[PDB]
Amino acid sequence: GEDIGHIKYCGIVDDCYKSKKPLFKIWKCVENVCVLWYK
């Protein structure tokens, strides 16, 4: 299935500049733990 298709495994923009927003919605993340807020 295709030849190109790599994952952008990164942290919080450190070296892989020009990210593509690997997150989903991002509400409240702290202590290496992401939690919702809207709902």
# chains A, B, ... in the order shown; residues from 1 in each chain; ligands from 1
>>> select_by_dssp(residues="chain A", states="strand (DSSP E)", output="list in words")
residues 28, 29, 34 and 35 of chain A
>>> write_last_selection(atoms="N, CA and C atoms", output="tab-separated table (two decimals), in the first residue's frame")
chain	number	residue	atom	x	y	z
A	28	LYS	N	-6.29	20.52	28.14
A	28	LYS	CA	-5.47	20.77	29.32
A	28	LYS	C	-4.52	19.61	29.57
A	29	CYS	N	-3.25	19.81	29.23
A	29	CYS	CA	-2.23	18.78	29.41
A	29	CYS	C	-1.20	19.21	30.45
A	34	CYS	N	-2.66	14.40	29.23
A	34	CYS	CA	-3.61	15.26	28.54
A	34	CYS	C	-5.04	14.98	29.00
A	35	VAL	N	-5.76	16.04	29.35
A	35	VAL	CA	-7.13	15.91	29.81
A	35	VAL	C	-8.05	16.91	29.10
>>> residues_around(residues="stretch 7-9 of chain A", least_positions_apart="6", cutoff="12 Å", atoms="only C-alpha atoms", output="list in words")
residues 15, 16, 17, 18, 19, 20, 21, 22 and 23 of chain A
>>> atom_distance(atom1="atom CA of residue A:5", atom2="atom CA of residue A:25")
22.9 Å
>>> decode(residues="chain A", atoms="C-alpha atoms", output="mmCIF file, in the first residue's frame")
data_model
loop_
_atom_site.group_PDB
_atom_site.id
_atom_site.type_symbol
_atom_site.label_atom_id
_atom_site.label_comp_id
_atom_site.auth_asym_id
_atom_site.auth_seq_id
_atom_site.Cartn_x
_atom_site.Cartn_y
_atom_site.Cartn_z
ATOM 1 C CA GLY A 1 0.000 0.000 0.000
ATOM 2 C CA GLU A 2 1.879 3.024 -1.319
ATOM 3 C CA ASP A 3 5.588 3.628 -0.731
ATOM 4 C CA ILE A 4 5.413 6.865 1.257
ATOM 5 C CA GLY A 5 3.777 6.970 4.676
ATOM 6 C CA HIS A 6 5.913 7.743 7.717
ATOM 7 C CA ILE A 7 4.771 8.937 11.144
ATOM 8 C CA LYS A 8 5.769 12.265 12.689
ATOM 9 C CA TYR A 9 6.652 10.827 16.098
ATOM 10 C CA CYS A 10 7.792 13.811 18.162
ATOM 11 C CA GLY A 11 7.319 15.555 21.496
ATOM 12 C CA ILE A 12 6.627 19.275 21.782
ATOM 13 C CA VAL A 13 8.425 20.806 18.800
ATOM 14 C CA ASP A 14 12.122 20.442 19.613
ATOM 15 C CA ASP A 15 13.889 19.394 16.412
ATOM 16 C CA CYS A 16 11.163 18.380 13.961
ATOM 17 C CA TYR A 17 10.228 22.006 13.295
ATOM 18 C CA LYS A 18 7.324 22.822 10.977
ATOM 19 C CA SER A 19 5.119 20.213 12.649
ATOM 20 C CA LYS A 20 1.649 19.336 11.360
ATOM 21 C CA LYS A 21 -0.265 19.283 14.648
ATOM 22 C CA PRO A 22 -0.059 15.579 15.596
ATOM 23 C CA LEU A 23 -2.493 16.275 18.435
ATOM 24 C CA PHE A 24 -6.291 16.208 18.226
ATOM 25 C CA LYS A 25 -7.966 19.033 20.144
ATOM 26 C CA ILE A 26 -5.652 19.766 23.074
ATOM 27 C CA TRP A 27 -7.492 21.110 26.117
ATOM 28 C CA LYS A 28 -5.472 20.769 29.322
ATOM 29 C CA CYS A 29 -2.233 18.775 29.411
ATOM 30 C CA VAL A 30 -0.038 18.650 32.515
ATOM 31 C CA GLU A 31 2.423 16.219 34.095
ATOM 32 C CA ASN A 32 2.720 14.315 30.815
ATOM 33 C CA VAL A 33 -1.047 13.794 30.932
ATOM 34 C CA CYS A 34 -3.609 15.262 28.537
ATOM 35 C CA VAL A 35 -7.135 15.915 29.810
ATOM 36 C CA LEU A 36 -10.290 17.405 28.299
ATOM 37 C CA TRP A 37 -11.879 20.679 29.402
ATOM 38 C CA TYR A 38 -14.699 21.586 27.015
ATOM 39 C CA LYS A 39 -16.961 18.689 27.990
#
